[PDB]
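Note: the block below is protein32.cif and it holds mmCIF, C-alpha atoms and all ligand atoms.
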```
data_model
#
loop_
_atom_site.group_PDB
_atom_site.id
_atom_site.type_symbol
_atom_site.label_atom_id
_atom_site.label_comp_id
_atom_site.auth_asym_id
_atom_site.auth_seq_id
_atom_site.Cartn_x
_atom_site.Cartn_y
_atom_site.Cartn_z
ATOM 1 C CA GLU A 7 5.923 48.691 -76.729
ATOM 2 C CA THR A 8 6.267 50.752 -73.542
ATOM 3 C CA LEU A 9 3.346 52.701 -72.099
ATOM 4 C CA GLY A 10 5.119 55.990 -72.793
ATOM 5 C CA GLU A 11 5.188 55.197 -76.504
ATOM 6 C CA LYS A 12 1.431 54.553 -76.508
ATOM 7 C CA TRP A 13 1.233 58.160 -75.203
ATOM 8 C CA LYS A 14 3.732 59.723 -77.634
ATOM 9 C CA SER A 15 1.595 58.437 -80.503
ATOM 10 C CA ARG A 16 -1.678 59.766 -79.147
ATOM 11 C CA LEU A 17 0.194 62.986 -78.484
ATOM 12 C CA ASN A 18 1.145 63.062 -82.159
ATOM 13 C CA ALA A 19 -2.335 62.019 -83.352
ATOM 14 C CA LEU A 20 -3.492 65.363 -81.910
ATOM 15 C CA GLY A 21 -4.844 68.315 -83.867
ATOM 16 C CA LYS A 22 -3.757 71.945 -83.920
ATOM 17 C CA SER A 23 -6.314 73.213 -81.383
ATOM 18 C CA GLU A 24 -6.337 69.945 -79.385
ATOM 19 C CA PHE A 25 -2.602 69.726 -78.812
ATOM 20 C CA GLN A 26 -2.320 73.333 -77.646
ATOM 21 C CA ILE A 27 -5.107 72.703 -75.107
ATOM 22 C CA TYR A 28 -3.648 69.414 -73.884
ATOM 23 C CA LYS A 29 -0.186 70.955 -73.681
ATOM 24 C CA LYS A 30 -1.357 72.827 -70.610
ATOM 25 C CA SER A 31 -4.359 70.959 -69.192
ATOM 26 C CA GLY A 32 -4.063 71.296 -65.416
ATOM 27 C CA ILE A 33 -0.342 72.088 -65.126
ATOM 28 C CA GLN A 34 1.491 74.746 -63.088
ATOM 29 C CA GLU A 35 2.565 78.002 -64.736
ATOM 30 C CA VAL A 36 4.779 80.946 -63.878
ATOM 31 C CA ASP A 37 3.293 84.421 -64.242
ATOM 32 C CA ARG A 38 5.936 85.968 -66.546
ATOM 33 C CA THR A 39 4.094 88.865 -68.203
ATOM 34 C CA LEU A 40 5.548 91.818 -66.306
ATOM 35 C CA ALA A 41 8.953 90.111 -65.934
ATOM 36 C CA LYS A 42 9.207 89.732 -69.708
ATOM 37 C CA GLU A 43 8.178 93.375 -70.178
ATOM 38 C CA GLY A 44 10.690 94.632 -67.654
ATOM 39 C CA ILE A 45 13.356 92.776 -69.589
ATOM 40 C CA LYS A 46 12.324 93.810 -73.090
ATOM 41 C CA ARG A 47 12.549 97.235 -71.453
ATOM 42 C CA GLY A 48 16.176 96.761 -70.497
ATOM 43 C CA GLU A 49 15.858 96.055 -66.759
ATOM 44 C CA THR A 50 18.566 93.829 -65.289
ATOM 45 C CA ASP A 51 17.401 93.665 -61.648
ATOM 46 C CA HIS A 52 14.946 91.231 -60.043
ATOM 47 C CA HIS A 53 13.737 89.623 -63.296
ATOM 48 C CA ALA A 54 14.397 86.042 -64.421
ATOM 49 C CA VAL A 55 15.732 85.773 -67.979
ATOM 50 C CA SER A 56 13.425 82.790 -68.539
ATOM 51 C CA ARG A 57 10.955 80.491 -66.804
ATOM 52 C CA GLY A 58 13.765 78.026 -66.075
ATOM 53 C CA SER A 59 14.616 79.967 -62.930
ATOM 54 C CA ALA A 60 11.229 79.056 -61.469
ATOM 55 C CA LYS A 61 11.604 75.497 -62.771
ATOM 56 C CA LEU A 62 14.970 75.012 -61.057
ATOM 57 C CA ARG A 63 13.625 76.686 -57.890
ATOM 58 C CA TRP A 64 11.060 73.914 -57.604
ATOM 59 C CA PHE A 65 13.744 71.219 -57.308
ATOM 60 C CA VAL A 66 16.021 73.359 -55.145
ATOM 61 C CA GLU A 67 13.468 74.380 -52.502
ATOM 62 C CA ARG A 68 12.635 70.669 -51.997
ATOM 63 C CA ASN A 69 16.265 69.707 -51.535
ATOM 64 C CA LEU A 70 15.966 67.365 -54.504
ATOM 65 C CA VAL A 71 19.087 69.301 -55.640
ATOM 66 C CA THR A 72 21.196 71.489 -53.333
ATOM 67 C CA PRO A 73 23.539 73.659 -55.474
ATOM 68 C CA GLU A 74 26.777 74.565 -53.702
ATOM 69 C CA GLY A 75 30.318 75.704 -54.486
ATOM 70 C CA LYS A 76 31.390 75.536 -58.135
ATOM 71 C CA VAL A 77 28.318 75.158 -60.304
ATOM 72 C CA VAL A 78 28.553 74.152 -63.968
ATOM 73 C CA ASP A 79 25.419 74.876 -65.991
ATOM 74 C CA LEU A 80 25.494 72.847 -69.263
ATOM 75 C CA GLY A 81 23.233 74.505 -71.844
ATOM 76 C CA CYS A 82 22.590 77.572 -69.695
ATOM 77 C CA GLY A 83 20.492 79.141 -72.441
ATOM 78 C CA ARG A 84 19.739 82.733 -71.525
ATOM 79 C CA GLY A 85 20.912 82.199 -67.931
ATOM 80 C CA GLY A 86 17.824 81.026 -66.053
ATOM 81 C CA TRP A 87 19.385 78.271 -63.946
ATOM 82 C CA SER A 88 22.698 80.055 -63.616
ATOM 83 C CA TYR A 89 21.438 83.431 -62.413
ATOM 84 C CA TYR A 90 19.202 81.576 -59.995
ATOM 85 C CA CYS A 91 22.088 79.532 -58.564
ATOM 86 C CA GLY A 92 24.029 82.779 -58.412
ATOM 87 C CA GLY A 93 21.925 83.830 -55.436
ATOM 88 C CA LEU A 94 21.978 80.618 -53.395
ATOM 89 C CA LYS A 95 23.791 80.695 -50.056
ATOM 90 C CA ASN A 96 26.354 77.932 -50.371
ATOM 91 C CA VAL A 97 27.248 78.802 -53.971
ATOM 92 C CA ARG A 98 30.673 80.313 -54.678
ATOM 93 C CA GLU A 99 30.984 80.206 -58.459
ATOM 94 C CA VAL A 100 28.635 79.449 -61.344
ATOM 95 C CA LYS A 101 29.879 78.814 -64.874
ATOM 96 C CA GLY A 102 27.166 78.277 -67.491
ATOM 97 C CA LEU A 103 27.790 77.201 -71.087
ATOM 98 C CA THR A 104 25.697 77.215 -74.295
ATOM 99 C CA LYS A 105 25.808 76.999 -78.059
ATOM 100 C CA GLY A 106 23.906 80.236 -78.589
ATOM 101 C CA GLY A 107 24.338 82.078 -81.871
ATOM 102 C CA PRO A 108 21.724 82.671 -84.614
ATOM 103 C CA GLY A 109 18.697 80.460 -84.091
ATOM 104 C CA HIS A 110 19.550 79.750 -80.461
ATOM 105 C CA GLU A 111 18.988 81.352 -77.061
ATOM 106 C CA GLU A 112 21.874 83.625 -76.140
ATOM 107 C CA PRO A 113 22.819 84.503 -72.545
ATOM 108 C CA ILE A 114 21.254 87.722 -71.257
ATOM 109 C CA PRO A 115 23.473 89.944 -69.101
ATOM 110 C CA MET A 116 21.781 90.628 -65.758
ATOM 111 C CA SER A 117 22.658 92.279 -62.461
ATOM 112 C CA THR A 118 20.334 90.159 -60.345
ATOM 113 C CA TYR A 119 21.628 89.242 -56.882
ATOM 114 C CA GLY A 120 24.886 87.340 -57.007
ATOM 115 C CA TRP A 121 25.373 88.128 -60.695
ATOM 116 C CA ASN A 122 29.040 88.899 -60.052
ATOM 117 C CA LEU A 123 29.541 85.212 -59.282
ATOM 118 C CA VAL A 124 28.119 84.179 -62.643
ATOM 119 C CA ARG A 125 30.125 83.491 -65.836
ATOM 120 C CA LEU A 126 28.051 82.849 -68.961
ATOM 121 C CA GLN A 127 29.473 81.959 -72.389
ATOM 122 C CA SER A 128 27.924 80.953 -75.724
ATOM 123 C CA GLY A 129 29.483 79.527 -78.857
ATOM 124 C CA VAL A 130 30.347 76.440 -76.792
ATOM 125 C CA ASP A 131 29.297 72.894 -77.704
ATOM 126 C CA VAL A 132 29.418 71.031 -74.399
ATOM 127 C CA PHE A 133 29.368 67.598 -76.049
ATOM 128 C CA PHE A 134 33.014 68.060 -77.029
ATOM 129 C CA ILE A 135 34.925 70.449 -74.744
ATOM 130 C CA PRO A 136 36.756 68.550 -71.963
ATOM 131 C CA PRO A 137 35.211 67.973 -68.511
ATOM 132 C CA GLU A 138 35.884 70.570 -65.805
ATOM 133 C CA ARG A 139 35.691 70.135 -62.016
ATOM 134 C CA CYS A 140 32.398 70.906 -60.244
ATOM 135 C CA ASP A 141 30.526 70.429 -56.950
ATOM 136 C CA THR A 142 27.117 70.632 -58.582
ATOM 137 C CA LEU A 143 26.351 69.730 -62.188
ATOM 138 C CA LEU A 144 23.219 71.158 -63.818
ATOM 139 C CA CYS A 145 22.147 70.293 -67.362
ATOM 140 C CA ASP A 146 18.942 71.204 -69.213
ATOM 141 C CA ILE A 147 19.880 70.034 -72.734
ATOM 142 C CA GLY A 148 17.481 68.074 -74.934
ATOM 143 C CA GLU A 149 15.588 68.879 -78.139
ATOM 144 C CA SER A 150 12.151 67.316 -78.602
ATOM 145 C CA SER A 151 11.447 65.298 -81.749
ATOM 146 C CA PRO A 152 8.071 63.936 -82.924
ATOM 147 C CA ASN A 153 10.154 60.798 -83.305
ATOM 148 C CA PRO A 154 10.571 58.908 -79.985
ATOM 149 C CA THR A 155 13.696 57.093 -81.149
ATOM 150 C CA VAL A 156 15.307 60.415 -82.071
ATOM 151 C CA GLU A 157 14.634 61.694 -78.550
ATOM 152 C CA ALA A 158 16.073 58.546 -76.931
ATOM 153 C CA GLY A 159 19.278 59.023 -78.928
ATOM 154 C CA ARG A 160 19.438 62.647 -77.837
ATOM 155 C CA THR A 161 18.839 61.582 -74.249
ATOM 156 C CA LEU A 162 21.617 58.978 -74.349
ATOM 157 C CA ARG A 163 24.064 61.570 -75.672
ATOM 158 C CA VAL A 164 23.155 63.752 -72.725
ATOM 159 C CA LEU A 165 23.492 61.007 -70.106
ATOM 160 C CA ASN A 166 26.976 59.989 -71.201
ATOM 161 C CA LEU A 167 27.830 63.682 -71.429
ATOM 162 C CA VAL A 168 27.049 64.323 -67.756
ATOM 163 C CA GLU A 169 28.530 60.957 -66.831
ATOM 164 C CA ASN A 170 31.915 62.530 -67.587
ATOM 165 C CA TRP A 171 31.276 65.514 -65.313
ATOM 166 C CA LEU A 172 30.053 63.561 -62.287
ATOM 167 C CA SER A 173 32.609 62.961 -59.558
ATOM 168 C CA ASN A 174 31.840 61.216 -56.292
ATOM 169 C CA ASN A 175 29.405 63.356 -54.304
ATOM 170 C CA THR A 176 28.425 66.014 -56.825
ATOM 171 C CA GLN A 177 24.978 67.617 -56.645
ATOM 172 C CA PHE A 178 23.038 67.290 -59.865
ATOM 173 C CA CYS A 179 19.891 68.125 -61.815
ATOM 174 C CA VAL A 180 19.901 66.691 -65.313
ATOM 175 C CA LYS A 181 17.030 66.927 -67.753
ATOM 176 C CA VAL A 182 16.155 63.499 -69.113
ATOM 177 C CA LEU A 183 14.103 64.413 -72.166
ATOM 178 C CA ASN A 184 12.816 60.919 -73.022
ATOM 179 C CA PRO A 185 13.024 58.524 -70.031
ATOM 180 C CA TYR A 186 10.443 55.999 -71.276
ATOM 181 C CA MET A 187 12.259 54.631 -74.322
ATOM 182 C CA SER A 188 13.559 51.151 -73.501
ATOM 183 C CA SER A 189 17.140 52.189 -74.077
ATOM 184 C CA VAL A 190 17.224 55.300 -71.884
ATOM 185 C CA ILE A 191 15.588 53.259 -69.131
ATOM 186 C CA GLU A 192 18.571 50.909 -69.265
ATOM 187 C CA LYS A 193 21.245 53.595 -69.206
ATOM 188 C CA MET A 194 19.430 55.335 -66.363
ATOM 189 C CA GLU A 195 19.406 52.190 -64.229
ATOM 190 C CA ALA A 196 23.168 51.980 -64.547
ATOM 191 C CA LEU A 197 23.636 55.704 -63.894
ATOM 192 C CA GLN A 198 21.536 55.327 -60.764
ATOM 193 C CA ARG A 199 23.756 52.492 -59.495
ATOM 194 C CA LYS A 200 26.822 54.674 -60.011
ATOM 195 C CA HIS A 201 25.458 58.029 -58.773
ATOM 196 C CA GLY A 202 22.164 57.436 -56.996
ATOM 197 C CA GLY A 203 19.387 59.980 -57.276
ATOM 198 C CA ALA A 204 16.162 59.213 -59.122
ATOM 199 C CA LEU A 205 13.938 60.657 -61.809
ATOM 200 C CA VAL A 206 11.458 63.355 -60.758
ATOM 201 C CA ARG A 207 8.674 65.081 -62.681
ATOM 202 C CA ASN A 208 8.480 68.876 -62.295
ATOM 203 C CA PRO A 209 4.890 70.249 -62.238
ATOM 204 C CA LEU A 210 5.968 73.243 -64.310
ATOM 205 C CA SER A 211 6.646 70.979 -67.325
ATOM 206 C CA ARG A 212 4.063 70.898 -70.135
ATOM 207 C CA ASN A 213 2.088 67.757 -70.987
ATOM 208 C CA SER A 214 3.598 67.806 -74.499
ATOM 209 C CA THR A 215 6.868 66.629 -72.967
ATOM 210 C CA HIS A 216 7.462 63.448 -70.947
ATOM 211 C CA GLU A 217 10.598 65.067 -69.489
ATOM 212 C CA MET A 218 11.797 64.050 -66.045
ATOM 213 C CA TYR A 219 14.894 65.338 -64.248
ATOM 214 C CA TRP A 220 17.537 63.124 -62.731
ATOM 215 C CA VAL A 221 18.140 64.782 -59.372
ATOM 216 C CA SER A 222 20.676 63.613 -56.788
ATOM 217 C CA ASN A 223 18.919 64.002 -53.444
ATOM 218 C CA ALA A 224 16.053 61.656 -54.240
ATOM 219 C CA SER A 225 15.412 57.951 -54.572
ATOM 220 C CA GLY A 226 12.948 55.817 -56.470
ATOM 221 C CA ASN A 227 12.879 52.855 -58.807
ATOM 222 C CA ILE A 228 13.495 54.253 -62.303
ATOM 223 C CA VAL A 229 11.071 51.975 -64.154
ATOM 224 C CA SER A 230 8.397 52.641 -61.530
ATOM 225 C CA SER A 231 8.962 56.429 -61.614
ATOM 226 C CA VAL A 232 8.763 56.618 -65.406
ATOM 227 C CA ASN A 233 5.484 54.707 -65.616
ATOM 228 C CA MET A 234 3.669 56.874 -63.086
ATOM 229 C CA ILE A 235 4.252 59.781 -65.462
ATOM 230 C CA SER A 236 3.260 57.864 -68.601
ATOM 231 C CA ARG A 237 -0.076 57.131 -66.922
ATOM 232 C CA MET A 238 -0.503 60.678 -65.655
ATOM 233 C CA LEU A 239 0.044 62.165 -69.118
ATOM 234 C CA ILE A 240 -2.415 59.689 -70.631
ATOM 235 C CA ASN A 241 -5.018 60.422 -67.982
ATOM 236 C CA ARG A 242 -4.662 64.107 -68.801
ATOM 237 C CA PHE A 243 -5.574 63.434 -72.462
ATOM 238 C CA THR A 244 -9.207 63.349 -71.354
ATOM 239 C CA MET A 245 -9.793 66.351 -69.083
ATOM 240 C CA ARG A 246 -12.606 68.534 -67.770
ATOM 241 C CA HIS A 247 -11.339 71.782 -66.324
ATOM 242 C CA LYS A 248 -8.260 71.874 -68.556
ATOM 243 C CA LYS A 249 -6.863 75.036 -66.979
ATOM 244 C CA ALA A 250 -3.378 75.790 -65.680
ATOM 245 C CA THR A 251 -2.837 77.260 -62.238
ATOM 246 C CA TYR A 252 -0.318 80.078 -62.092
ATOM 247 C CA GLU A 253 2.062 81.286 -59.451
ATOM 248 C CA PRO A 254 4.162 84.433 -58.988
ATOM 249 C CA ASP A 255 7.553 84.369 -60.643
ATOM 250 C CA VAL A 256 10.928 84.197 -58.931
ATOM 251 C CA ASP A 257 12.473 87.495 -57.853
ATOM 252 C CA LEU A 258 16.271 87.286 -58.109
ATOM 253 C CA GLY A 259 17.019 90.481 -56.174
ATOM 254 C CA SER A 260 20.004 92.449 -57.444
ATOM 255 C CA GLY A 261 23.507 93.654 -56.609
ATOM 256 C CA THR A 262 26.811 91.894 -55.952
ATOM 257 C CA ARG A 263 27.745 89.246 -53.376
ATOM 258 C CA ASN A 264 30.868 88.927 -51.150
ATOM 259 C CA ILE A 265 32.619 85.783 -49.869
HETATM 260 N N1 LIG B 301 25.510 70.673 -77.684
HETATM 261 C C1 LIG B 301 25.161 71.776 -77.021
HETATM 262 N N2 LIG B 301 26.153 72.545 -76.433
HETATM 263 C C2 LIG B 301 25.777 73.641 -75.775
HETATM 264 N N3 LIG B 301 24.532 74.145 -75.579
HETATM 265 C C3 LIG B 301 23.588 73.390 -76.156
HETATM 266 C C4 LIG B 301 23.799 72.209 -76.886
HETATM 267 N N4 LIG B 301 22.586 71.694 -77.338
HETATM 268 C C5 LIG B 301 21.690 72.542 -76.889
HETATM 269 N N5 LIG B 301 22.222 73.585 -76.169
HETATM 270 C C6 LIG B 301 21.534 74.708 -75.514
HETATM 271 O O1 LIG B 301 20.841 74.225 -74.402
HETATM 272 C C7 LIG B 301 19.807 75.158 -74.059
HETATM 273 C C8 LIG B 301 18.687 74.403 -73.364
HETATM 274 S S1 LIG B 301 17.257 75.356 -72.839
HETATM 275 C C9 LIG B 301 18.034 76.277 -71.464
HETATM 276 C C10 LIG B 301 17.175 76.556 -70.337
HETATM 277 C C11 LIG B 301 17.898 77.334 -69.229
HETATM 278 N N6 LIG B 301 18.343 76.441 -68.160
HETATM 279 C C12 LIG B 301 16.995 78.475 -68.692
HETATM 280 O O2 LIG B 301 16.816 78.458 -67.454
HETATM 281 O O3 LIG B 301 17.371 79.607 -69.124
HETATM 282 C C13 LIG B 301 19.423 75.807 -75.385
HETATM 283 O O4 LIG B 301 19.298 77.215 -75.160
HETATM 284 C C14 LIG B 301 20.553 75.488 -76.383
HETATM 285 O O5 LIG B 301 21.125 76.573 -77.101
HETATM 286 N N1 LIG B 302 -0.259 66.134 -82.435
HETATM 287 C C1 LIG B 302 0.687 67.307 -82.391
HETATM 288 N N2 LIG B 302 1.834 67.038 -81.694
HETATM 289 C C2 LIG B 302 2.649 68.200 -81.708
HETATM 290 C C3 LIG B 302 2.361 69.390 -82.309
HETATM 291 N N3 LIG B 302 3.474 70.195 -82.036
HETATM 292 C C4 LIG B 302 4.466 69.599 -81.287
HETATM 293 N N4 LIG B 302 3.888 68.311 -81.099
HETATM 294 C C5 LIG B 302 4.513 67.107 -80.289
HETATM 295 O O1 LIG B 302 5.137 67.528 -79.039
HETATM 296 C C6 LIG B 302 6.598 67.502 -79.016
HETATM 297 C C7 LIG B 302 7.540 68.706 -78.496
HETATM 298 O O2 LIG B 302 6.508 69.691 -78.245
HETATM 299 P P1 LIG B 302 7.032 71.275 -78.249
HETATM 300 O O3 LIG B 302 8.303 71.757 -77.265
HETATM 301 O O4 LIG B 302 7.755 71.489 -79.639
HETATM 302 O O5 LIG B 302 5.810 72.005 -77.958
HETATM 303 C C8 LIG B 302 6.986 67.077 -80.369
HETATM 304 O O6 LIG B 302 8.149 66.284 -80.370
HETATM 305 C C9 LIG B 302 5.777 66.363 -81.062
HETATM 306 O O7 LIG B 302 5.802 65.024 -80.943
HETATM 307 C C10 LIG B 302 1.259 69.651 -82.982
HETATM 308 O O8 LIG B 302 0.714 70.609 -83.619
HETATM 309 N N5 LIG B 302 0.277 68.416 -83.024
#
```
Translate this file's structure into structure tokens.
Amino acid sequence: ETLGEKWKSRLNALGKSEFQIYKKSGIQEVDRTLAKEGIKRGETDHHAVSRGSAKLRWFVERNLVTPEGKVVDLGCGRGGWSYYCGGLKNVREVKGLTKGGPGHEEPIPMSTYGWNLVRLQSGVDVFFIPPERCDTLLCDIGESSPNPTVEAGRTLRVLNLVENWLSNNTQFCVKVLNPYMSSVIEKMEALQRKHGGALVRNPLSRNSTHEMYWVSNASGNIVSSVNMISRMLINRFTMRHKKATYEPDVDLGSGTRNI
């Protein structure tokens, strides 16, 4: 039984009030109030369709992932990672794909800076369409299940999925929902051998998720990197000063971009 499982159980043995408190004990947050209001108001400039923009930004401004050229955003959701990449210097084209439809986040049309370089389409199940060509491959797909083995299965489906989209020196940021389950650990070790990078924990993630992102421009022993998070999450179960620290949201400018 891996350390991460010991955690997942305690997580689950949590009560209504408890869980909610733990979910955010000492984590980083994005101040989205006004941005959400500007959007519900119909604004399409500056605002980020979600908090994923900020989340991606964290990896990007630390060169853990350097999006350039043709960017494919698997499970783009409302557009958070895509609209954000749409403003990055070296980016030429960004194509984001999602299931969408009733009961799922649907892409929000925006006019934020570089928007004209962004193609967003729902009604697409990435697990089956054929692989396209891409310089950078982003993927934030992975549904959380109270059942750790369910998550691991979902994570394996995602790994193999991106495995088919990764050519030789492609930039990537792939959400690895459950990296502690024996079996994902294995797959990851192989994936690392083939396409380098390492797993990295984003401070904007909630404690209720043991998610780590496989980012290209970073090294680190997989087993070692997954355990440092298992311990962190467990330490955070017992907190004093369980408050989150916020930070301003990302401003995505507005208007078109020329090449
Ligand atoms: N098999 C599949 N094919 C396509 N999209 C999928 C999928 N499984 C899940 N998704 C989508 O993946 C999304 C992940 S959450 C998206 C977060 C986004 N990067 C943000 O910044 O906006 C969900 O909105 C969901 O609809
Ligand atoms: N103990 C507890 N765990 C919860 C509760 N809600 C969600 N979780 C745990 O946290 C995981 C995903 O959290 P979520 O994105 O749904 O907040 C779930 O897979 C589950 O194991 C809750 O009320 N109590």
### Message
Could you tell me, as a ChimeraX atom specification, exactly which residues end up selected when the PyMOL selection byres (((not hetatm)) within 8 of (chain B and resi 301)) is applied to this structure?
### Response
/A:55-59,61-62,79-88,103-107,110-112,128-134,145-149
If you take all atoms listed in the file and a cut-off of 6 Å, which residues of chain A touch ligand LIG 302 (chain B), and what are their nearest atom pairs and distances in Å to one decimal, in chain and number order, as a tab-separated table?
```
residue	atom	partner	partner_atom	distance
A:17	CA	B:LIG302	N1	5.1
A:18	CA	B:LIG302	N1	3.4
A:19	CA	B:LIG302	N1	4.7
A:20	CA	B:LIG302	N1	3.4
A:21	CA	B:LIG302	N5	5.2
A:22	CA	B:LIG302	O8	4.7
A:25	CA	B:LIG302	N5	5.3
A:150	CA	B:LIG302	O6	4.5
A:151	CA	B:LIG302	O6	3.7
A:152	CA	B:LIG302	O7	3.2
A:214	CA	B:LIG302	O1	4.8
A:215	CA	B:LIG302	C7	5.9
```
### Query
Can you tell me, as a PyMOL selection string, what residues are no more than 9 Å from residue A:94 when counting all atoms listed in the file, ignoring any on the same chain fewer than 2 positions away?
chain A and resi 73-74+90-92+96-98+120
### Task
Report as a count of residues only the residues that result from applying the PyMOL selection byres (((chain A and resi 224-240) around 7) and not hetatm) to the structure here.
18
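Atom pair atom CA of residue A:181 / atom CA of residue A:37: separated by 22.5 Å.
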### Query
Applied to this file, what does the PyMOL selection byres (((chain A and resi 125) around 9) and not hetatm) return in terms of residues, put as a list in words?
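Selection result, ordered by chain and number: residues 88, 99, 100, 101, 102, 103, 121, 122, 123, 124, 126 and 127 of chain A.
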Put a box with edges along x, y and z around all the listed atoms of stretch 156-165 of chain A, pad it by 5 Å on each side, then give me its centre and sizes in Å, one decimal, as AutoDock Vina command-line options.
```
--center_x 19.3 --center_y 61.1 --center_z -76.1 --size_x 19.4 --size_y 15.2 --size_z 22.0
```
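Across A:34, A:173, A:153, A:28, the tightest approach to residue A:246 is made by A:28 when counting all atoms listed in the file.
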### Task
Identify which of the residues A:178, A:65, A:220, A:252 lies closest to residue A:141, counting only C-alpha atoms when measuring atom-to-atom distances.
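When distances to residue A:141 are compared using only C-alpha atoms, the smallest one comes from A:178.
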### Message
Please list, as number ranges by chain, the residues that have an atom at most 6 Å away from (-8.4, 72.6, -68.1) in the coordinates of this file, counting only C-alpha atoms.
### Response
A: 31-32, 246-249
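Rounded to one decimal, atom CA of residue A:260 and atom CA of residue A:51 lie 5.1 Å from each other.
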Could you write stretch 239-259 of chain A as an mmCIF file, keeping the file's coordinate frame, with N, CA and C atoms rebuilt where they are missing?
```cif
data_model
loop_
_atom_site.group_PDB
_atom_site.id
_atom_site.type_symbol
_atom_site.label_atom_id
_atom_site.label_comp_id
_atom_site.auth_asym_id
_atom_site.auth_seq_id
_atom_site.Cartn_x
_atom_site.Cartn_y
_atom_site.Cartn_z
ATOM 1 N N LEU A 239 0.198 61.473 -67.845
ATOM 2 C CA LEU A 239 0.044 62.165 -69.118
ATOM 3 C C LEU A 239 -1.127 61.624 -69.930
ATOM 4 N N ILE A 240 -1.316 60.308 -69.895
ATOM 5 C CA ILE A 240 -2.415 59.689 -70.631
ATOM 6 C C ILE A 240 -3.748 60.037 -69.982
ATOM 7 N N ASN A 241 -3.776 60.082 -68.656
ATOM 8 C CA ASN A 241 -5.018 60.422 -67.982
ATOM 9 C C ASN A 241 -5.420 61.830 -68.404
ATOM 10 N N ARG A 242 -4.436 62.721 -68.435
ATOM 11 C CA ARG A 242 -4.662 64.107 -68.801
ATOM 12 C C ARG A 242 -5.117 64.353 -70.251
ATOM 13 N N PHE A 243 -5.110 63.308 -71.079
ATOM 14 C CA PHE A 243 -5.574 63.434 -72.462
ATOM 15 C C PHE A 243 -7.072 63.741 -72.442
ATOM 16 N N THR A 244 -7.770 63.143 -71.490
ATOM 17 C CA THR A 244 -9.207 63.349 -71.354
ATOM 18 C C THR A 244 -9.440 64.155 -70.093
ATOM 19 N N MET A 245 -9.630 65.466 -70.236
ATOM 20 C CA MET A 245 -9.793 66.351 -69.083
ATOM 21 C C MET A 245 -11.099 67.150 -69.117
ATOM 22 N N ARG A 246 -11.612 67.481 -67.934
ATOM 23 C CA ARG A 246 -12.606 68.534 -67.770
ATOM 24 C C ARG A 246 -12.184 69.529 -66.694
ATOM 25 N N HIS A 247 -12.129 70.805 -67.063
ATOM 26 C CA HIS A 247 -11.339 71.782 -66.324
ATOM 27 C C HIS A 247 -9.871 71.729 -66.735
ATOM 28 N N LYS A 248 -9.622 71.842 -68.036
ATOM 29 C CA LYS A 248 -8.260 71.874 -68.556
ATOM 30 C C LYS A 248 -7.661 73.273 -68.450
ATOM 31 N N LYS A 249 -7.464 73.734 -67.219
ATOM 32 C CA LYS A 249 -6.863 75.036 -66.979
ATOM 33 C C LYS A 249 -5.579 74.901 -66.181
ATOM 34 N N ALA A 250 -4.638 75.812 -66.413
ATOM 35 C CA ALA A 250 -3.378 75.790 -65.680
ATOM 36 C C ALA A 250 -3.495 76.726 -64.487
ATOM 37 N N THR A 251 -2.793 76.408 -63.410
ATOM 38 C CA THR A 251 -2.837 77.260 -62.238
ATOM 39 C C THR A 251 -1.500 77.986 -62.221
ATOM 40 N N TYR A 252 -1.543 79.303 -62.092
ATOM 41 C CA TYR A 252 -0.318 80.078 -62.092
ATOM 42 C C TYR A 252 0.197 80.383 -60.711
ATOM 43 N N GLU A 253 1.419 80.889 -60.682
ATOM 44 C CA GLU A 253 2.062 81.286 -59.451
ATOM 45 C C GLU A 253 3.034 82.401 -59.764
ATOM 46 N N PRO A 254 3.242 83.311 -58.804
ATOM 47 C CA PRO A 254 4.162 84.433 -58.988
ATOM 48 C C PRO A 254 5.520 83.924 -59.450
ATOM 49 N N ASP A 255 6.251 84.764 -60.156
ATOM 50 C CA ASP A 255 7.553 84.369 -60.643
ATOM 51 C C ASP A 255 8.619 84.577 -59.567
ATOM 52 N N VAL A 256 9.812 84.071 -59.842
ATOM 53 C CA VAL A 256 10.928 84.197 -58.931
ATOM 54 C C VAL A 256 11.500 85.608 -59.013
ATOM 55 N N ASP A 257 11.853 86.177 -57.868
ATOM 56 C CA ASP A 257 12.473 87.495 -57.853
ATOM 57 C C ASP A 257 13.918 87.237 -57.432
ATOM 58 N N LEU A 258 14.847 87.523 -58.340
ATOM 59 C CA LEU A 258 16.271 87.286 -58.109
ATOM 60 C C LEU A 258 17.061 88.457 -57.492
ATOM 61 N N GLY A 259 16.362 89.354 -56.807
ATOM 62 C CA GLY A 259 17.019 90.481 -56.174
ATOM 63 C C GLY A 259 17.870 91.304 -57.115
#
```
